[PDB]
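Asks: A single structure is presented below for examination.
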DNA sequence: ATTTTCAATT
Ligand SMILES: [Zn+2]
């Protein structure tokens with residue numbers, strides 16, 4: 001019987017975790033998956049605060065027989081929970097540290113959703129590159145086949161993510177000078193991977 | 001500014 005918090009619900013995302021994950025570093029397990037879907041209303045997009053949430057990419061427990069690693073798969077089961085209707089247009093954008101994924105099994109479930117649900121727009125923000133050995137070339141093309149929407153988080157996205165996921169009074173967001181260099185380095189690699197199709 | 005990367009098992 002603990003009294004409810006006055007500052008607000010513990011559903012707030014700590015600023016240290018957001019900065020640590022987005023600290024702009026290569027290699028980071030236990031990544032975090034943030035998602036936010038809104039409903040179009042007569043041309044007016046009304047997002048729902050309750051819909052905004054995040055999932056953990058760390059799920060272990062063979063006792064339940066549950067298999068999965070990337071939180072993206074967990075969110076896949078959340079899609080059917082919302083029961084989105086095809087007659088309406090919904091914009092679901094997922095923000096994760098890495099946009100690329102291996103063909104463990106989640107890359108196939110997401111591809112089926114886009115193929116079965118073409119009336120839905122999926123946009124993923126690539127904060128980091130999780131590729132791998134050279135075989136990663138087909139992996140990116142395999143996911144890009146249905147997810148032809150990959151963009152690197154920009155300075156505005158980082159600031160919007162802080163106030164969108166983090167809301168602490170008296171704690172302002174402090175941008176770091178690394179988006180320009182990281183965006184340019186990742187942008188060259190991101191387009192370079194797709195440029196292979198052009199040739 | 002930080003250049004080898006999604007903590008599932010046999
Ligand atoms: Zn995956």
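A Cβ is built for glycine as well, from the same backbone N, Cα and C atoms used for every other residue.
OK, Swiss-Prot features for this one:
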BINDING   A:70, A:101, A:106  Zn(2+) binding site
Asks: With an 8 Å cut-off on Cβ-Cβ distance and a minimum sequence separation of at least 6, pull the same-chain contacts of residue A:106 (Zn(2+) binding site), or say none.
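Replies: Correct list: A:68, A:69, A:70, A:72, A:73, A:76.
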Asks: Around the recorded Zn(2+) site, report the further residues of that chain (criterion: Cβ within 8 Å of the mean position of the Cβ atoms of A:70, A:101, A:106; site residues excluded), sequence-ordered.
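Replies: In sequence order, the nearby non-listed residues are A:69, A:72, A:73, A:102, A:104, A:105, A:107, A:110.
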Asks: What is the number of other Cβ atoms found within 10 Å of the Cβ of residue A:70 (Zn(2+) binding site)?
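Replies: Excluding its own Cβ, residue A:70 (Zn(2+) binding site) sees 24 Cβ atoms within 10 Å.
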Asks: Tell me the Cβ contacts of residue A:101 (Zn(2+) binding site) under 8 Å, same chain only and six or more apart in sequence, or just say none.
Replies: A:70, A:72, A:107, A:130, A:139, A:143
